[PDB]
file data10.cif (mmCIF, C-alpha atoms and all ligand atoms)
data_target
#
loop_
_atom_site.label_atom_id
_atom_site.label_comp_id
_atom_site.auth_asym_id
_atom_site.auth_seq_id
_atom_site.Cartn_x
_atom_site.Cartn_y
_atom_site.Cartn_z
CA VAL B 1 60.52 112.46 18.39
CA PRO B 2 59.28 114.03 21.63
CA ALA B 3 61.89 116.03 23.53
CA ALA B 4 61.30 113.81 26.56
CA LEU B 5 62.69 110.78 24.72
CA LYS B 6 65.83 112.68 23.69
CA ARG B 7 66.51 113.90 27.23
CA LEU B 8 65.83 110.50 28.79
CA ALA B 9 68.40 108.78 26.56
CA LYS B 10 71.03 111.44 27.26
CA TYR B 11 70.58 111.27 31.03
CA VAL B 12 71.20 107.50 31.11
CA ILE B 13 74.13 107.32 28.68
CA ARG B 14 76.21 109.84 30.65
CA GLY B 15 75.55 108.07 33.96
CA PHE B 16 76.53 104.46 33.27
CA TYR B 17 78.68 104.74 30.12
CA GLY B 18 81.88 106.48 29.10
CA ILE B 19 82.26 109.67 27.11
CA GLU B 20 82.68 107.59 23.95
CA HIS B 21 79.11 106.27 24.14
CA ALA B 22 77.60 109.69 24.86
CA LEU B 23 79.34 111.40 21.93
CA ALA B 24 77.98 108.91 19.40
CA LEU B 25 74.46 109.39 20.77
CA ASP B 26 74.52 113.14 20.08
CA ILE B 27 75.06 112.42 16.37
CA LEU B 28 71.97 110.20 16.31
CA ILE B 29 70.00 112.92 18.12
CA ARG B 30 70.84 115.68 15.64
CA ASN B 31 69.96 113.39 12.71
CA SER B 32 67.46 110.54 12.76
CA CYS B 33 69.82 108.18 10.92
CA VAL B 34 73.57 108.44 10.34
CA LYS B 35 75.98 106.17 8.49
CA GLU B 36 78.57 104.30 10.53
CA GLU B 37 81.33 105.55 8.22
CA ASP B 38 80.14 109.15 8.57
CA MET B 39 80.13 108.88 12.37
CA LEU B 40 83.73 107.62 12.32
CA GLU B 41 85.00 110.74 10.54
CA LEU B 42 83.15 113.16 12.84
CA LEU B 43 84.35 111.49 16.04
CA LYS B 44 87.78 110.53 14.61
CA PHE B 45 87.69 107.32 16.68
CA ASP B 46 89.51 104.15 15.71
CA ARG B 47 87.78 101.61 13.49
CA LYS B 48 87.78 98.94 16.19
CA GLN B 49 87.08 101.49 18.94
CA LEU B 50 83.96 102.76 17.19
CA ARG B 51 82.76 99.21 16.51
CA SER B 52 83.28 98.21 20.15
CA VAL B 53 81.15 101.13 21.37
CA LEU B 54 78.52 100.43 18.71
CA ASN B 55 78.52 96.75 19.65
CA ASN B 56 77.98 97.70 23.30
CA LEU B 57 75.18 100.06 22.26
CA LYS B 58 73.79 97.34 19.99
CA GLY B 59 74.22 94.88 22.86
CA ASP B 60 71.90 96.97 25.03
CA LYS B 61 69.67 97.63 21.98
CA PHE B 62 69.70 101.40 22.49
CA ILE B 63 70.23 101.74 18.72
CA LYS B 64 69.43 99.52 15.75
CA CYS B 65 71.32 99.04 12.48
CA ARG B 66 70.05 98.33 8.97
CA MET B 67 72.26 97.32 6.04
CA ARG B 68 71.77 98.87 2.60
CA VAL B 69 73.65 97.42 -0.38
CA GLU B 70 74.08 99.37 -3.61
CA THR B 71 76.41 99.45 -6.61
CA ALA B 72 78.97 102.26 -6.45
CA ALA B 73 79.80 104.54 -9.37
CA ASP B 74 82.94 102.49 -10.06
CA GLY B 75 80.94 99.24 -9.96
CA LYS B 76 82.30 97.81 -6.71
CA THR B 77 79.84 96.46 -4.16
CA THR B 78 79.13 98.80 -1.25
CA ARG B 79 77.93 97.69 2.20
CA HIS B 80 76.98 100.71 4.33
CA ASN B 81 75.82 100.26 7.93
CA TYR B 82 73.08 102.74 8.86
CA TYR B 83 72.48 103.26 12.58
CA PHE B 84 69.37 104.72 14.19
CA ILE B 85 67.84 105.00 17.66
CA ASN B 86 64.87 102.80 18.61
CA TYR B 87 63.21 104.60 21.52
CA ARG B 88 60.45 102.00 21.85
CA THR B 89 63.03 99.24 22.32
CA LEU B 90 65.41 101.51 24.27
CA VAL B 91 62.88 102.34 26.99
CA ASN B 92 62.29 98.65 27.74
CA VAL B 93 66.01 98.01 28.27
CA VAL B 94 66.28 100.98 30.64
CA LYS B 95 63.33 99.63 32.61
CA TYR B 96 64.86 96.15 32.56
CA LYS B 97 68.22 97.46 33.79
CA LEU B 98 66.44 99.43 36.54
CA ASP B 99 64.02 96.79 37.85
CA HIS B 100 66.83 94.24 38.22
CA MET B 101 68.69 96.67 40.47
CA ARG B 102 65.47 97.26 42.43
CA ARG B 103 64.91 93.51 42.72
CA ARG B 104 68.62 93.15 43.49
CA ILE B 105 68.09 95.72 46.24
CA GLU B 106 65.18 93.60 47.47
CA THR B 107 67.43 90.54 47.27
CA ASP B 108 70.07 92.36 49.34
CA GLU B 109 67.51 92.59 52.15
CA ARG B 110 67.13 88.79 52.20
CA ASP B 111 70.87 88.16 51.81
CA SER B 112 71.63 89.95 55.09
CA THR B 113 69.58 87.36 57.01
CA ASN B 114 71.34 84.30 55.54
CA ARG B 115 74.90 85.64 55.85
CA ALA B 116 77.30 83.23 57.55
CA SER B 117 78.69 84.74 60.76
CA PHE B 118 80.78 81.92 62.24
CA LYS B 119 84.28 81.55 60.81
CA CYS B 120 87.48 79.76 61.77
CA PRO B 121 90.60 81.97 61.75
CA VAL B 122 92.99 79.15 60.86
CA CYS B 123 91.38 77.83 57.68
CA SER B 124 89.64 81.18 56.99
CA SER B 125 86.32 79.46 56.25
CA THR B 126 82.96 80.98 57.18
CA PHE B 127 80.18 78.73 58.51
CA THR B 128 76.46 79.38 58.82
CA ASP B 129 74.80 79.83 62.20
CA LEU B 130 72.90 76.57 61.75
CA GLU B 131 76.15 74.82 60.80
CA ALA B 132 77.82 76.30 63.89
CA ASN B 133 76.01 73.96 66.28
CA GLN B 134 77.03 71.02 64.09
CA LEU B 135 80.69 71.73 64.89
CA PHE B 136 79.89 72.47 68.54
CA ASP B 137 82.05 70.23 70.75
CA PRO B 138 80.34 69.42 74.08
CA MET B 139 83.66 68.64 75.76
CA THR B 140 85.06 72.11 75.02
CA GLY B 141 81.76 73.88 75.67
CA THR B 142 82.42 76.29 72.81
CA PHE B 143 82.47 76.45 69.02
CA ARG B 144 85.37 74.76 67.23
CA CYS B 145 86.59 73.80 63.76
CA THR B 146 86.94 70.09 63.02
CA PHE B 147 89.65 70.62 60.39
CA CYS B 148 91.67 72.95 62.63
CA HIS B 149 90.43 72.08 66.15
CA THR B 150 90.49 75.84 66.73
CA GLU B 151 88.00 78.25 68.27
CA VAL B 152 85.42 79.78 65.93
CA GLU B 153 84.69 83.51 66.15
CA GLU B 154 81.76 85.55 64.86
CA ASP B 155 82.69 89.20 65.51
CA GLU B 156 84.39 89.76 62.15
CA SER B 157 81.18 89.21 60.15
CA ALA B 158 79.19 92.02 61.79
CA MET B 159 81.04 94.96 60.24
CA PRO B 160 80.36 94.34 56.50
CA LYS B 161 76.61 93.88 57.09
CA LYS B 162 75.97 97.56 57.88
CA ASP B 163 77.71 98.79 54.72
CA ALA B 164 75.05 97.33 52.41
CA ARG B 165 72.29 99.17 54.30
CA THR B 166 73.73 102.61 53.48
CA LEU B 167 73.62 101.85 49.73
CA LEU B 168 69.84 101.28 49.81
CA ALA B 169 68.91 104.85 50.75
CA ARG B 170 71.48 106.43 48.42
CA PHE B 171 70.49 104.29 45.43
CA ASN B 172 66.84 105.38 45.64
CA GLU B 173 67.82 109.07 45.82
CA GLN B 174 70.25 109.22 42.88
CA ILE B 175 67.78 107.28 40.70
CA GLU B 176 64.80 109.63 41.14
CA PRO B 177 65.63 111.73 38.03
CA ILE B 178 65.59 108.60 35.87
CA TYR B 179 62.24 107.49 37.31
CA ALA B 180 60.76 110.96 36.80
CA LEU B 181 61.89 110.97 33.17
CA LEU B 182 60.33 107.54 32.61
CA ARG B 183 56.92 108.78 33.77
CA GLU B 184 57.14 111.65 31.27
CA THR B 185 57.93 109.24 28.41
CA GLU B 186 54.92 106.96 28.95
CA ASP B 187 52.96 108.89 26.30
CA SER P 1 84.84 75.07 11.46
CA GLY P 2 87.19 73.52 13.99
CA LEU P 3 85.74 74.12 17.46
CA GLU P 4 83.65 77.16 16.46
CA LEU P 5 80.16 77.27 14.95
CA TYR P 6 79.06 79.73 12.26
CA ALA P 7 75.50 80.98 11.81
CA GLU P 8 74.47 82.35 8.41
CA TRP P 9 71.16 83.75 7.19
CA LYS P 10 74.46 87.77 7.46
CA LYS P 11 77.25 85.59 8.87
CA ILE P 12 78.11 85.90 12.57
CA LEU P 13 80.33 83.70 14.72
CA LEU P 14 78.30 81.65 17.21
CA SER P 15 79.81 81.36 20.69
CA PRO P 16 79.07 78.53 23.14
CA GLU P 17 77.33 80.96 25.50
CA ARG P 18 75.01 82.23 22.75
CA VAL P 19 73.70 78.67 22.36
CA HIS P 20 73.23 77.97 26.08
CA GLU P 21 70.24 80.30 26.44
CA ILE P 22 68.33 78.63 23.60
CA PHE P 23 68.88 75.21 25.17
CA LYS P 24 67.62 76.48 28.53
CA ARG P 25 64.46 77.81 26.87
CA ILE P 26 63.75 74.34 25.46
CA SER P 27 60.88 72.70 27.32
CA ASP P 28 60.98 69.19 28.74
CA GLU P 29 58.38 67.94 26.26
CA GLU P 30 60.42 69.18 23.30
CA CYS P 31 63.34 67.04 24.47
CA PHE P 32 61.26 63.86 24.19
CA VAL P 33 60.54 64.64 20.54
CA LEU P 34 64.29 65.08 20.03
CA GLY P 35 64.95 61.65 21.56
CA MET P 36 66.71 62.92 24.69
CA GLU P 37 65.45 62.09 28.16
CA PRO P 38 65.20 65.44 30.00
CA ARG P 39 65.89 64.18 33.53
CA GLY I 1 117.19 118.42 -6.63
CA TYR I 2 114.99 120.31 -9.09
CA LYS I 3 111.49 121.52 -8.10
CA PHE I 4 111.63 119.56 -4.83
CA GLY I 5 114.95 120.13 -3.04
CA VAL I 6 114.56 123.92 -3.04
CA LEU I 7 110.99 124.47 -1.83
CA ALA I 8 111.50 122.49 1.38
CA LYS I 9 114.33 124.66 2.71
CA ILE I 10 112.07 127.69 2.26
CA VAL I 11 109.51 126.12 4.60
CA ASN I 12 112.14 124.79 7.02
CA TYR I 13 114.04 128.08 7.17
CA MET I 14 110.79 130.01 7.64
CA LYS I 15 109.82 127.80 10.59
CA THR I 16 113.13 128.52 12.35
CA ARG I 17 112.74 132.26 11.74
CA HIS I 18 109.45 132.41 13.66
CA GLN I 19 111.00 130.69 16.69
CA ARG I 20 113.28 133.74 16.97
CA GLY I 21 110.13 135.83 17.41
CA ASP I 22 110.19 137.70 14.08
CA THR I 23 106.52 137.99 13.17
CA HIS I 24 107.35 140.39 10.34
CA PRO I 25 106.48 138.91 6.92
CA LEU I 26 109.16 138.05 4.38
CA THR I 27 109.30 138.35 0.60
CA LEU I 28 109.84 135.49 -1.83
CA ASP I 29 113.21 136.91 -2.88
CA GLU I 30 114.25 137.78 0.68
CA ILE I 31 113.74 134.22 1.93
CA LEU I 32 115.67 132.84 -1.05
CA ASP I 33 118.85 134.70 -0.08
CA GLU I 34 119.08 133.19 3.41
CA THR I 35 118.13 129.73 2.08
CA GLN I 36 121.01 129.68 -0.44
CA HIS I 37 118.48 129.21 -3.25
CA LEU I 38 119.18 132.39 -5.21
CA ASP I 39 119.68 130.22 -8.33
CA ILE I 40 116.19 128.69 -8.05
CA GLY I 41 114.40 128.07 -11.33
CA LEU I 42 112.32 130.85 -12.83
CA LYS I 43 109.13 128.76 -13.01
CA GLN I 44 109.66 127.70 -9.39
CA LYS I 45 109.42 131.32 -8.22
CA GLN I 46 105.92 131.67 -9.69
CA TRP I 47 104.88 128.17 -8.60
CA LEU I 48 105.82 128.94 -4.99
CA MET I 49 104.18 132.37 -5.20
CA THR I 50 100.93 131.05 -6.70
CA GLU I 51 100.49 127.64 -5.03
CA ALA I 52 102.98 126.73 -2.29
CA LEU I 53 102.82 129.96 -0.27
CA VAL I 54 98.99 130.17 -0.30
CA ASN I 55 97.73 126.58 -0.10
CA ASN I 56 99.94 125.69 2.86
CA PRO I 57 98.16 126.18 6.22
CA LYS I 58 101.30 127.70 7.81
CA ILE I 59 101.78 130.62 5.37
CA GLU I 60 99.94 133.91 5.93
CA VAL I 61 99.73 136.45 3.11
CA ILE I 62 100.05 139.93 4.64
CA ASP I 63 100.25 143.18 2.64
CA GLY I 64 101.47 141.12 -0.30
CA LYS I 65 104.19 139.41 1.76
CA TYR I 66 104.26 136.07 3.58
CA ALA I 67 104.35 135.48 7.34
CA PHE I 68 103.98 132.47 9.60
CA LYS I 69 100.58 131.43 11.00
CA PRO I 70 100.91 131.34 14.80
CA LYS I 71 97.26 132.37 15.22
CA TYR I 72 95.97 129.04 13.91
CA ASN I 73 98.48 127.22 16.12
CA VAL I 74 97.70 127.17 19.84
CA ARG I 75 100.20 129.41 21.66
CA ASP I 76 98.15 130.40 24.73
CA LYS I 77 96.13 128.68 27.44
CA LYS I 78 92.91 130.46 26.46
CA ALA I 79 93.25 129.38 22.83
CA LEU I 80 93.69 125.75 23.90
CA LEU I 81 90.38 125.76 25.79
CA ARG I 82 88.55 127.54 22.96
CA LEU I 83 89.79 125.14 20.28
CA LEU I 84 88.50 122.08 22.15
CA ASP I 85 85.16 123.81 22.74
CA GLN I 86 84.69 124.31 19.00
CA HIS I 87 85.51 120.65 18.36
CA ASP I 88 82.77 119.52 20.76
CA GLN I 89 80.29 122.18 19.62
CA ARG I 90 80.88 121.36 15.94
CA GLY I 91 81.61 117.67 16.60
CA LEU I 92 84.97 117.83 14.84
CA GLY I 93 86.69 115.35 17.18
CA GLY I 94 89.65 115.19 19.51
CA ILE I 95 93.26 116.19 18.95
CA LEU I 96 96.36 114.15 19.74
CA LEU I 97 98.51 115.50 22.56
CA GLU I 98 101.52 115.64 20.22
CA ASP I 99 99.79 118.05 17.82
CA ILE I 100 99.30 120.50 20.71
CA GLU I 101 102.81 120.27 22.17
CA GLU I 102 104.44 121.30 18.89
CA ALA I 103 101.93 124.14 18.42
CA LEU I 104 101.97 125.21 22.09
CA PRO I 105 105.44 125.54 23.66
CA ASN I 106 105.46 124.31 27.27
CA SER I 107 101.98 122.89 26.74
CA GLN I 108 102.17 121.16 30.14
CA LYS I 109 101.44 124.47 31.90
CA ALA I 110 98.28 125.02 29.84
CA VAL I 111 97.12 121.40 30.03
CA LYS I 112 97.58 121.25 33.81
CA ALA I 113 96.12 124.73 34.30
CA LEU I 114 92.81 123.70 32.73
CA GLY I 115 92.78 120.60 34.94
CA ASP I 116 89.78 118.35 34.40
CA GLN I 117 88.48 120.52 31.54
CA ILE I 118 90.55 118.31 29.19
CA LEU I 119 89.62 114.65 28.69
CA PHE I 120 92.69 112.51 27.99
CA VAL I 121 92.20 109.26 26.05
CA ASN I 122 95.35 107.13 25.92
CA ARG I 123 95.83 105.26 22.65
CA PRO I 124 97.54 101.85 22.53
CA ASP I 125 100.71 103.65 21.38
CA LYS I 126 100.62 105.91 24.48
CA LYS I 127 99.27 108.75 22.33
CA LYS I 128 96.80 110.91 24.25
CA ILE I 129 93.69 112.38 22.60
CA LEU I 130 92.24 115.58 24.05
CA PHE I 131 88.48 116.15 24.15
CA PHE I 132 86.42 119.01 25.55
CA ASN I 133 85.00 118.29 29.01
CA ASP I 134 81.28 119.01 28.60
CA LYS I 135 80.22 119.91 32.14
CA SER I 136 76.52 120.13 31.24
CA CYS I 137 75.32 116.74 32.55
CA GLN I 138 77.64 114.84 34.90
CA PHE I 139 76.95 111.67 36.89
CA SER I 140 79.15 109.04 38.54
CA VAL I 141 78.85 106.22 41.07
CA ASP I 142 81.15 104.22 43.31
CA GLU I 143 83.33 101.49 41.82
CA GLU I 144 81.27 98.95 43.77
CA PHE I 145 78.12 99.91 41.86
CA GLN I 146 80.01 99.98 38.55
CA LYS I 147 81.47 96.53 39.22
CA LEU I 148 78.00 95.29 40.14
CA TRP I 149 76.69 96.90 36.95
CA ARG I 150 79.18 94.82 34.96
CA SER I 151 78.31 91.73 37.02
CA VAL I 152 74.77 92.00 35.61
CA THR I 153 75.44 90.44 32.21
CA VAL I 154 73.07 91.64 29.49
CA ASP I 155 74.58 90.54 26.15
CA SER I 156 73.80 86.94 27.16
CA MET I 157 70.01 87.46 27.02
CA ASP I 158 67.58 87.54 24.10
CA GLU I 159 64.88 90.12 23.44
CA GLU I 160 62.06 87.79 24.47
CA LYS I 161 63.67 87.00 27.83
CA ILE I 162 64.64 90.63 28.48
CA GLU I 163 61.12 91.94 27.90
CA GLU I 164 59.56 89.01 29.79
CA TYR I 165 61.16 90.19 33.04
CA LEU I 166 59.13 93.40 32.81
CA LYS I 167 55.78 91.62 33.11
CA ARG I 168 57.26 89.04 35.49
CA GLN I 169 57.83 91.70 38.18
CA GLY I 170 54.77 93.75 37.18
CA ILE I 171 56.10 96.90 35.53
ZN ZN Y 1 89.35 75.87 60.61
#
call {"tool": "encode", "arguments": {"input": "data10.cif", "output": "structure tokens"}}
result
Amino acid sequence: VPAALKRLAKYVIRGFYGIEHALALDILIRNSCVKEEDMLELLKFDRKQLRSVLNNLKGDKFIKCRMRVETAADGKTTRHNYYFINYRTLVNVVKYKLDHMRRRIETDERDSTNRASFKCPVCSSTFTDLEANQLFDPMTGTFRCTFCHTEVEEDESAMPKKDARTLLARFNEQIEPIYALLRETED
Amino acid sequence: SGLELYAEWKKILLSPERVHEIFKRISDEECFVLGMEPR
Amino acid sequence: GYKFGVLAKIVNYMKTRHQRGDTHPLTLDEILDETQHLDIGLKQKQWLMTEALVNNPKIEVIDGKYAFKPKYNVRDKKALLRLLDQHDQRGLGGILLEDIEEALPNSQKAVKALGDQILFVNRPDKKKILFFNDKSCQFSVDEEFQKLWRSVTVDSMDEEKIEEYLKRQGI
């Protein structure tokens, strides 16, 4: 278990998950495999609370579980859930969750062009620029709304467009440590 | 059971969403074998 | 009654004595006088001396006598911070807010003094669990990003589809 893998997992869990998820990860870092029951006692979390976090971790496939069945000393059947970290599968999910944001960022660039600027104040409905000329009434000489017969404005749609632009630069900066860690874990 | 499906190999409740993805992955040709016109 | 209705008053009376501020230890016989248990059974005196007054986590044996254990209980702001640090370092777990209030009089001053150093987890029954705030690696984002993070559903995708996206975009 290279130290790079351990650090990479820690850096991502504390950034996009609550303290509950991070604490459970530390147990799996100290020991390669730990029983679900043992983890419950150490963390003192609720039975459902621990399962919910584990399900979320299992949902993102950051850790895998294997079931071992054995006969107890008293003869009753025992079903212990053993959890362990799968770095090979974990790294793919981190890349998947990062590329989608990058492609989402790329999508945000195209969304800005197709945003609907025209909107009627009465019915509070926004219409596309191409659709604006459809409602254009030659007699009035200005944009109008057929449902409301009211003037259509376009100044209110300009403000929210600039907000998305600021998120692009900031997203790339805060994500550099994750990208740098990924390059170190390619071996 | 009722309006919920159970999948056993162990046993996990099967939700409607969990089945949607498999159906999407089904190709058009596979539908013809199943006797369902894709279009 | 017998063997059960006498030992309790010894513990209860001892707890009240500490609240007066008397840290001085007390003898087995001395406590019996103030607890109106002078007629306690002979084999109860040895049982309390050998088991009850040593196994209990609130009884301190000092110079052969018994005194309360305020050191284990949190009675200062510094002790509160240290105790949580050990729990995180040793992975012992959190502590309910009620367990600290009884141990630490006017715990609100200590809890608020430490500020963000204490992580409060509210249970369904309003009970708050305290955890050490590990300030080693911290990271947070705006609610807009977090909401967008949730908007990207991931439990509704299989392994084959999830890994396919990697080669689809060329990574
Ligand atoms: Zn209108």
call {"tool": "closest_residue", "arguments": {"input": "data10.cif", "among": "I:110, I:92, I:49, I:104", "to": "residue 70 (chain I)", "atoms": "all atoms listed in the file"}}
result
I:104
call {"tool": "residues_near_ligand", "arguments": {"input": "data10.cif", "ligand": "ligand ZN 1 (chain Y)", "cutoff": "6 Å", "atoms": "all atoms listed in the file", "output": "PDB file with C-alpha atoms, keeping the file's coordinate frame"}}
result
ATOM      1  CA  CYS B 120      87.480  79.760  61.770  1.00  0.00           C
ATOM      2  CA  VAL B 122      92.990  79.150  60.860  1.00  0.00           C
ATOM      3  CA  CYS B 123      91.380  77.830  57.680  1.00  0.00           C
ATOM      4  CA  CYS B 145      86.590  73.800  63.760  1.00  0.00           C
ATOM      5  CA  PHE B 147      89.650  70.620  60.390  1.00  0.00           C
ATOM      6  CA  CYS B 148      91.670  72.950  62.630  1.00  0.00           C
TER       7      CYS B 148
END
call {"tool": "closest_residue", "arguments": {"input": "data10.cif", "among": "B:161, B:7, B:97, B:14", "to": "residue 61 (chain B)", "atoms": "only C-alpha atoms"}}
result
B:97
call {"tool": "closest_residue", "arguments": {"input": "data10.cif", "among": "I:52, I:83, I:118, I:95", "to": "chain B", "atoms": "all atoms listed in the file"}}
result
I:95
call {"tool": "interface_residues", "arguments": {"input": "data10.cif", "of": "chain B", "to": "chain I", "cutoff": "6 Å", "atoms": "all atoms listed in the file", "output": "PDB file with C-alpha atoms, keeping the file's coordinate frame"}}
result
ATOM      1  CA  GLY B  15      75.550 108.070  33.960  1.00  0.00           C
ATOM      2  CA  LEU B  42      83.150 113.160  12.840  1.00  0.00           C
ATOM      3  CA  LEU B  43      84.350 111.490  16.040  1.00  0.00           C
ATOM      4  CA  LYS B  44      87.780 110.530  14.610  1.00  0.00           C
ATOM      5  CA  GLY B  59      74.220  94.880  22.860  1.00  0.00           C
TER       6      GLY B  59
END
call {"tool": "atom_distance", "arguments": {"input": "data10.cif", "atom1": "CA of residue 45 (chain I)", "atom2": "CA of residue 15 (chain I)"}}
result
19.1 Å
call {"tool": "atom_distance", "arguments": {"input": "data10.cif", "atom1": "CA of residue 6 (chain B)", "atom2": "CA of residue 87 (chain B)"}}
result
8.8 Å
call {"tool": "decode", "arguments": {"input": "data10.cif", "residues": "region 113-170 of chain B", "atoms": "C-alpha atoms", "output": "PDB file, in the first residue's frame"}}
result
ATOM      1  CA  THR B 113     -24.935  30.720 -25.257  1.00  0.00           C
ATOM      2  CA  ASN B 114     -28.377  29.057 -25.305  1.00  0.00           C
ATOM      3  CA  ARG B 115     -29.772  30.813 -22.216  1.00  0.00           C
ATOM      4  CA  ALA B 116     -33.179  32.411 -22.764  1.00  0.00           C
ATOM      5  CA  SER B 117     -33.004  36.180 -22.254  1.00  0.00           C
ATOM      6  CA  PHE B 118     -36.506  37.363 -23.174  1.00  0.00           C
ATOM      7  CA  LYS B 119     -39.109  37.042 -20.428  1.00  0.00           C
ATOM      8  CA  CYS B 120     -42.594  38.384 -19.750  1.00  0.00           C
ATOM      9  CA  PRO B 121     -43.033  39.963 -16.289  1.00  0.00           C
ATOM     10  CA  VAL B 122     -46.729  39.088 -16.013  1.00  0.00           C
ATOM     11  CA  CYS B 123     -46.609  35.321 -16.569  1.00  0.00           C
ATOM     12  CA  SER B 124     -42.952  35.116 -15.426  1.00  0.00           C
ATOM     13  CA  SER B 125     -42.004  32.940 -18.401  1.00  0.00           C
ATOM     14  CA  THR B 126     -38.630  33.178 -20.148  1.00  0.00           C
ATOM     15  CA  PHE B 127     -38.452  32.894 -23.942  1.00  0.00           C
ATOM     16  CA  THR B 128     -35.479  32.212 -26.194  1.00  0.00           C
ATOM     17  CA  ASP B 129     -34.051  34.899 -28.466  1.00  0.00           C
ATOM     18  CA  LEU B 130     -35.205  32.975 -31.538  1.00  0.00           C
ATOM     19  CA  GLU B 131     -38.678  32.622 -29.999  1.00  0.00           C
ATOM     20  CA  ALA B 132     -38.709  36.365 -29.263  1.00  0.00           C
ATOM     21  CA  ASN B 133     -39.249  37.306 -32.912  1.00  0.00           C
ATOM     22  CA  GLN B 134     -42.107  34.793 -33.080  1.00  0.00           C
ATOM     23  CA  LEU B 135     -44.035  36.848 -30.514  1.00  0.00           C
ATOM     24  CA  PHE B 136     -42.971  40.133 -32.134  1.00  0.00           C
ATOM     25  CA  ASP B 137     -46.089  42.160 -32.959  1.00  0.00           C
ATOM     26  CA  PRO B 138     -45.564  44.429 -35.996  1.00  0.00           C
ATOM     27  CA  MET B 139     -48.384  46.757 -34.930  1.00  0.00           C
ATOM     28  CA  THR B 140     -46.737  47.501 -31.569  1.00  0.00           C
ATOM     29  CA  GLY B 141     -43.219  47.583 -33.006  1.00  0.00           C
ATOM     30  CA  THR B 142     -41.844  45.867 -29.899  1.00  0.00           C
ATOM     31  CA  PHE B 143     -41.739  42.490 -28.176  1.00  0.00           C
ATOM     32  CA  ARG B 144     -44.924  41.279 -26.495  1.00  0.00           C
ATOM     33  CA  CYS B 145     -46.437  38.228 -24.794  1.00  0.00           C
ATOM     34  CA  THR B 146     -49.422  36.612 -26.495  1.00  0.00           C
ATOM     35  CA  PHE B 147     -50.826  35.204 -23.242  1.00  0.00           C
ATOM     36  CA  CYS B 148     -50.457  38.524 -21.401  1.00  0.00           C
ATOM     37  CA  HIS B 149     -50.297  41.088 -24.240  1.00  0.00           C
ATOM     38  CA  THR B 150     -47.546  42.704 -22.164  1.00  0.00           C
ATOM     39  CA  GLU B 151     -44.100  44.023 -23.033  1.00  0.00           C
ATOM     40  CA  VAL B 152     -41.216  41.540 -22.876  1.00  0.00           C
ATOM     41  CA  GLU B 153     -37.960  42.572 -21.194  1.00  0.00           C
ATOM     42  CA  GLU B 154     -34.475  41.077 -21.405  1.00  0.00           C
ATOM     43  CA  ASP B 155     -32.390  42.998 -18.839  1.00  0.00           C
ATOM     44  CA  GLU B 156     -33.095  40.626 -15.936  1.00  0.00           C
ATOM     45  CA  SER B 157     -31.345  37.668 -17.607  1.00  0.00           C
ATOM     46  CA  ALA B 158     -27.928  39.344 -17.941  1.00  0.00           C
ATOM     47  CA  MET B 159     -26.973  39.338 -14.252  1.00  0.00           C
ATOM     48  CA  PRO B 160     -26.957  35.558 -13.527  1.00  0.00           C
ATOM     49  CA  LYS B 161     -24.797  34.806 -16.585  1.00  0.00           C
ATOM     50  CA  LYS B 162     -21.644  36.379 -15.123  1.00  0.00           C
ATOM     51  CA  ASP B 163     -21.867  34.393 -11.875  1.00  0.00           C
ATOM     52  CA  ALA B 164     -21.160  31.066 -13.589  1.00  0.00           C
ATOM     53  CA  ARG B 165     -17.958  32.450 -15.128  1.00  0.00           C
ATOM     54  CA  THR B 166     -16.361  33.122 -11.730  1.00  0.00           C
ATOM     55  CA  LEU B 167     -16.830  29.473 -10.704  1.00  0.00           C
ATOM     56  CA  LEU B 168     -14.729  28.219 -13.631  1.00  0.00           C
ATOM     57  CA  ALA B 169     -11.453  29.795 -12.495  1.00  0.00           C
ATOM     58  CA  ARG B 170     -11.984  28.929  -8.825  1.00  0.00           C
TER      59      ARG B 170
END
